[PDB]
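Have a look below at one chain only, the form deposited without the named molecule, in structure tokens format.
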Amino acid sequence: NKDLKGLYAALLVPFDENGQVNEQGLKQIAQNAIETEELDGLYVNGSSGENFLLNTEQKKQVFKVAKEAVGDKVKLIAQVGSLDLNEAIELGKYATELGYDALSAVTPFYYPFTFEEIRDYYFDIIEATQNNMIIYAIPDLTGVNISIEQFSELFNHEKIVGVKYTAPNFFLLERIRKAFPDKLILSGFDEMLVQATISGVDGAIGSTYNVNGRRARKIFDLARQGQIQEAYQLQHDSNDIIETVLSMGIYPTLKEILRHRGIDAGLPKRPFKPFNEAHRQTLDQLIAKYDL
């Protein structure tokens, strides 16, 4: 189907005081990512969208608004993973009908599922939706680790087309790239983009690309073209930004940067707290220093 390599924004969502989606701001955020940050597509309802704090209706809300906001050319991946498999299937079917290019699903978490149970969860969504599937691996949030041998068993499925690799190890990533030459690998750690690039990833998905998407493009392009010294310098600059927002509370902070541009970025969904104003001056300095 539609080519899915490239650079994606992990779509952020604006909320009102009652934890309701602000659909107008969400549209602005979608359009900022594509038209301003010049990104290839959106990764919708991932963790950085505050997805797992939402109800099924709101997730459908987000899928709709993001879909309608961007042109046909834009690549869309739908994170549909949930602790409720029936919900996952319901969302997978919904997005698929909305015209999303692939589904993605976080590894089942909370409970100590066996690999067998984690495997058949992917298989059960694929069988129900019949859309392509991208493994969403994020061990730092889930405590779930996937080995090469387990990837082998997963990638043996034709409709499991790739992995959103949001794990820090570059030994594993190298192993995965070599063991699976013809599968899609999108890296998920923004602060290691340049290393992921030269380790041969096919693209990247990231929340910071909502505000830093054009440096990310440069990093990606330059490293592939051999201009690695310049790519690393821009990685230096991007890590200045990443380290700073991480210290302030990443989702509210990124959205506050987005607010600066005239976007109705709203609030985080409770129990996340709003941006702490004690960081405001340090934040304004950042936006100024890096033109954000």
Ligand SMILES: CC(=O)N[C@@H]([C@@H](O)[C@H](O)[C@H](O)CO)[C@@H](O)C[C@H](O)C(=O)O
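Note that residue numbering begins at 1 and tracks the sequence as displayed.
Query raised in the report: Going by the B-factors listed in the PDB entry, is the mean over the C-alpha atoms higher for 26-34 or for 43-51?
Result: Comparing 26-34 with 43-51, the higher average CA B-factor belongs to 26-34.
Query - Higher-B stretch (mean Cα B-factor, as the entry records it), 82-90 or 67-75 - result: On average, C-alpha B-factors are higher across 67-75.
Query - Which of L154, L98, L186, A105 ranks first by CA B-factor in the deposited coordinates - result: The C-alpha B-factor peaks, among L154, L98, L186, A105, at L98.
Query raised in the report: Of the choices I241, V62, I228, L254, which one's C-alpha carries the largest B-factor in the record?
Result: Within the set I241, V62, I228, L254, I228 shows the top C-alpha B-factor.
Requested in this report: Would you please rank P139 by its C-alpha temperature factor against the other modelled residues of its chain and give the third it falls in: lowest, middle or highest?
Outcome: According to the entry, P139 has a C-alpha B-factor in the chain's middle third.
Query raised in the report: Going by the entry, which third of its chain does the Cα temperature factor of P168 land in?
Result: CA B-factor rank for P168: highest third.
Requested in this report: Among all modelled residues of this chain, ranked by Cα B factor, put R119 in the bottom, middle or top third, i.e. lowest, middle or highest.
Outcome: As the PDB entry reports it, the C-alpha B-factor of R119 lands in the lowest third of its chain.
Requested in this report: Would you please rank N132 by its C-alpha temperature factor against the other modelled residues of its chain and give the third it falls in: lowest, middle or highest?
Outcome: Within its chain, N132 is a middle-third residue by C-alpha B-factor, going by the deposited values.
Query raised in the report: For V245, does the deposited CA B-factor place it in the lowest, middle or highest third of the chain?
Result: Middle third - that is where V245 ends up once the chain's C-alpha B-factors are sorted.
Below: the form solved in complex with the named molecule, not depicted.
Query raised in the report: For the unliganded chain shown, is the site open or blocked after superimposing the named molecule from its bound pose in the entry with it bound, using a cut-off of 2.4 Å to backbone and C-beta atoms and a threshold of 3 ligand atoms?
Result: Open: when the named molecule is placed as it sits in the entry with it bound, none of its atoms comes within 2.4 Å of backbone or C-beta atoms.
Requested in this report: Identify, from the list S48, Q58, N32, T244, the residue with a heavy atom within 4.5 Å of the named molecule in the entry with it bound.
Outcome: It is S48.
Requested in this report: Mark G206 yes when one of its heavy atoms lies within 4.5 Å of a heavy atom of the named molecule in the entry with it bound, and no otherwise.
Outcome: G206: yes, in contact with the named molecule in the entry with it bound.
Query raised in the report: Heavy atom to heavy atom, is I250 within 4.5 Å of the named molecule in the entry with it bound?
Result: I250: yes, in contact with the named molecule in the entry with it bound.
Requested in this report: Report whether the minimum heavy atom distance between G188 and the named molecule in the entry with it bound is within 4.5 Å.
Outcome: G188 belongs to the contact set for the named molecule.
Report task. State yes or no: in the entry with it bound, is some non-hydrogen atom of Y122 no more than 4.5 angstroms from a non-hydrogen atom of the named molecule? Result -> Taking the distances in the entry with it bound, the answer for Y122 is no, it never comes within 4.5 Å of the named molecule.
**Report entry** Segment assignment from 250-258, 227-235, 33-41, 63-71: heavy atom within 4.5 Å of the named molecule in the entry with it bound
**Finding:** Heavy-atom contact with the partner occurs in 250-258.
Requested in this report: Let me know which residues along 1-28 have a heavy atom within 4.5 Å of the named molecule in the entry with it bound, or say none if there are none.
Outcome: Just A10.
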